[PDB]
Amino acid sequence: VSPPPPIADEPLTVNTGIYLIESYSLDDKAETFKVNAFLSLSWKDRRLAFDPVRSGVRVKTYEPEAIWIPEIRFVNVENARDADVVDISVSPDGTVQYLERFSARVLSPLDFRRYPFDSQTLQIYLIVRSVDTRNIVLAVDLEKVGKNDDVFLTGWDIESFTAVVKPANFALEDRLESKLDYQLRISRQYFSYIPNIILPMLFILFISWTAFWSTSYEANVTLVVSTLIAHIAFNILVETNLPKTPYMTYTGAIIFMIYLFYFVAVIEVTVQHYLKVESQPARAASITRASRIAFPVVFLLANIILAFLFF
């Protein structure tokens, strides 16, 4: 089969739509999600036109093999989509109405700067390559763009599914390509991070500060080093659920800054002991009393400044 011939010198407009059935597996480390959806295509093929009076039928159904169908592909996919044709219908004027159900693993990068309080715009790019006989341009039929009410992405809130209606038309290996941008806007459910990571991490830090109400070097060393090791365990746990970013994340900044607090608590604990041994308990006392106020105050201001830079 050959593509539909033009009346003048106009390109062929293939009207597209995506309707999400199942959205799943957002892998933060891999920066990938899986999709199960309807892909609907529509174009005019004058060669397929018929008279509904003479033919009796108001619509004709065709097997993909019988008629010309445009080679439509996804750009940002891992492998070629698993697709199964559902229906092909032709109207009297020759307007073809194609529908397939597909499944694909989409590769769209994420912005972890505000993590776990981040929002994302997942991208799905549709593309068509022009043939030598005719140039093919993509279009968005908004009535056939959308999603199921049951569509759920675990640990995420699905905000919207829309399309950037104007295609990106460009040359690639001396042939025209028509790209379309479908956008899935989602926002992370930060809830569980609070009782599982944030609050346990602050509790261990506050436990280290009880060393400011103790003269016992041996006990202090145990308090600050034990809690420091539990902080290393949280840092390791957190970095396992994220990829290696060339920038700092919100949780990353807080986790890093808390090391400085532990490091300075060790210097305080050391200085206090050294002085007690040097028979200077009075000077050691002043530094400990100051630390009781200084540590929570510097922690609160530091966190305010960090939240300000990130939000």
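So that there is no doubt, residue numbering starts at 1 and follows the sequence shown.
Exercise for review: Can you let me know which of the two, 118-126 or 96-104, has the higher average C-alpha B-factor in the entry?
Suggested key: Mean CA B-factor is higher for 96-104.
Review point. Can you tell me which stretch has the higher mean Cα B-factor, 281-289 or 53-61?
Key: That would be 53-61.
**Study point:** Candidate set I254, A30, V269, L48 [ranked by C-alpha B-factor, highest]
**Key:** Comparing C-alpha B-factors across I254, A30, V269, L48, the maximum falls on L48.
Check your understanding: Looking at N196, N135, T222, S160, which has the biggest Cα B factor in the entry?
Key -> When the deposited C-alpha B-factors of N196, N135, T222, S160 are compared, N135 is largest.
Exercise for review: Going by the recorded CA B-factors, say which third of the chain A294 sits in, lowest, middle or highest.
Suggested key: It belongs to the lowest third of the chain when residues are ordered by C-alpha B-factor.
Exercise for review: Using the B-factors in the PDB entry, rank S23's C-alpha atom against the chain and give the third, lowest, middle or highest.
Suggested key: For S23, the deposited C-alpha B-factor lands in the middle third.
Exercise for review: Would you mind ranking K144 by its C-alpha B-factor against the rest of the chain and naming the third, lowest, middle or highest?
Suggested key: For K144, the deposited C-alpha B-factor lands in the highest third.
Point to revise | Third of chain Cα B-factors occupied by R175 | key: As the PDB entry reports it, the C-alpha B-factor of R175 lands in the highest third of its chain.
Review point. Based on the entry's values, in what third of the chain does the Cα temperature factor of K166 lie: lowest, middle or highest?
Key: Answer is highest: the recorded C-alpha B-factor places it there.
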